[PDB]
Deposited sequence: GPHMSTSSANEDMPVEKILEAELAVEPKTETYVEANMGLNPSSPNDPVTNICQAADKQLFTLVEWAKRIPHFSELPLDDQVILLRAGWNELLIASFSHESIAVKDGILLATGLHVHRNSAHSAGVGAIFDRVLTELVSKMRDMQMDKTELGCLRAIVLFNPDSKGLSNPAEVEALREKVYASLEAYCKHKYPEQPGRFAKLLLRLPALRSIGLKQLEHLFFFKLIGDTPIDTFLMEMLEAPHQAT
């Protein structure tokens, strides 16, 4: 069973240096979030590790993006600060930052994506059965299927006048996939050049 109520409960529990500081802080919150997603903590520990190492940056991007709906031309960080796109551009990361604004924040704003929908999309990303090394991909696939069954039922009840809303939510996941890949590429470069402080948890996520 996979009740949206529990997924919501889990949710409601230089500029680049600021952003990396906020990401490290939020990685601790992400672990606490995943443990509250039904059945995640019952997976083998090694598989919990695999799923979070595979999805962490997409999970973080989805969350701050949704928190940024009320920010004009910028994002809200976990530390409470805003980053405006002018500042992102002046730090050399303007293109990937604008993709977050255009493909994620502005779309979440325009459809008024709610926190239950965000949480369910977050849980679908978490339960990624393509993650390499999983001891039982089918088990993770089954949990993903339970989430998107629950999400579809929620959308049809809450937004009956929008039959396409469920598909619209899922069709933000390719953009999230692409944005995450490019964000990660930038972060690996920051680590290589060494001029950006990276705290311990964020650093560990950049290990092999």
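- In sequence order, the gaps in C-alpha coverage of the deposited chain fall at 1-11, 25-45, 241-245.
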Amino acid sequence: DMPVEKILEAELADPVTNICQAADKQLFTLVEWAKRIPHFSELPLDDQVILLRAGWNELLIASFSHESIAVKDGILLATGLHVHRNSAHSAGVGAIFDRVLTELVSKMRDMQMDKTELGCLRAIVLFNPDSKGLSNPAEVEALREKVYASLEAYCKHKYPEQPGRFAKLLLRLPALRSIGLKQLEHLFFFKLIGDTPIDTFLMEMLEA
From here on, numbers count along this sequence of modelled residues.
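- The stretch with the higher mean CA B factor, choosing between 171-179 and 146-154, is 146-154.
- The mean C-alpha temperature factor is higher for 158-166 when 58-66 and 158-166 are set side by side.
- The PDB entry assigns the greatest CA B-factor among 128, 106, 135, 86 to 135.
- In the deposited entry, the Cα temperature factor of residue 51 sits in the bottom third of values across the chain's modelled residues.
- For residue 71, the recorded CA B-factor ranks within the middle third of the chain. Only modelled residues enter the ranking.
- Sort the modelled residues of the chain by CA B factor and residue 80 lands in the highest third.
- Ranked by C-alpha B-factor against the other modelled residues of its chain, residue 116 falls in the middle third.
- Residue 20 sits in the middle third of its chain by CA B factor, as recorded in the PDB entry.
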